[PDB]
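Here, each number is a calculation from the coordinates, and none is a lab measurement. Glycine also receives a Cβ, built like all others from the backbone with ideal geometry; neighbour counts cover every protein chain displayed.
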Amino acid sequence: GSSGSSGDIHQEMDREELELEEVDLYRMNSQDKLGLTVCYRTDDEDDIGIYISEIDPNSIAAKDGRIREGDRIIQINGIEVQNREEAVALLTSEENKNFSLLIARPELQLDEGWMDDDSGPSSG
C-alpha cells in the first residue's frame, strides 16, 4: 500500500448531474458487520457499476452509514472498485476501521413528498 494522501486532483466518475456522498463508518469491534449487501447490474458495455442489493436496518451502516438499498457505490474509503467481490472484500478488510464508502445521490429531485413524518433533507 501507499500511506500518504494529501490532495486529490479530481477523482470521480459519476453522471454529469448526479451527486456523491462520502459516508464514514466505524467498526469498534470486527464483530460488527457493514450489513450492506451488493449486487451487479451490468447491462452496459461502457461500465457496470456496483450497487446495494440489501441494507440491514440494524447494522454499522444502518446505525450510521446512511447508505440504503439501491445505492451506487463509487469508491470505498477512497478506492476505485472494479469488481463486486472487491466491493465486498474491501468491506471485509481486517485492517480498515473507518469504512468511508461512496454513493451516488441525486440532488434537488422532483417534488413528490407530502408525508407527515420527520424527514426532508435539504442542501446548504
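Can you tell me which of (1) without any contact (Cβ under 8 Å) to a residue 24 or more places away in the chain; (2) loosely packed, with under 13 Cβ neighbours inside 10 Å; (3) part of a loop (DSSP other than H, G, I, E, B) is the one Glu94 doesn't meet?
Result: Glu94 passes all but (1).
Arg68 - would you say it is within 25 Å of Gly124 (Cβ to Cβ), without any contact (Cβ under 8 Å) to a residue 24 or more places away in the chain and part of a loop (DSSP other than H, G, I, E, B)?
yes
Among the residues of segment 1-20 satisfying the criterion of being within 21 Å of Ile50 (Cβ to Cβ) and of a type in the set (A, V, I, L, M, F, W, C), which is surrounded by the most Cβ atoms within 10 Å (Cβ to Cβ)?
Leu20
Mind telling me which of the residues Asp47, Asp43, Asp111 ends up being of a type in the set (D, E, K, R), within 17 Å of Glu12 (Cβ to Cβ) and part of a loop (DSSP other than H, G, I, E, B)?
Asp47
If only one of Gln75, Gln11 is within 16 Å of the chain's Cα centre (by Cα), in a strand (DSSP E or B) and not aliphatic (A, V, I, L, M), which one is it?
The conditions single out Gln75.
Can you go through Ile103, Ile55, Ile60 and tell me which one is within 29 Å of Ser123 (Cβ to Cβ), within 10 Å of the chain's Cα centre (by Cα), surrounded by 17 or more Cβ atoms within 10 Å (Cβ to Cβ) and of a type in the set (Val, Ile, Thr)?
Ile103
Restrict the check to segment 23-38 and report whether at least one residue is surrounded by 15 or more Cβ atoms within 10 Å (Cβ to Cβ), in contact (Cβ under 8 Å) with a residue 40 or more places away in the chain, more than 21 Å from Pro106 (Cβ to Cβ) and among the aliphatic types (A, V, I, L, M).
Yes - at least one qualifying residue is present in segment 23-38.
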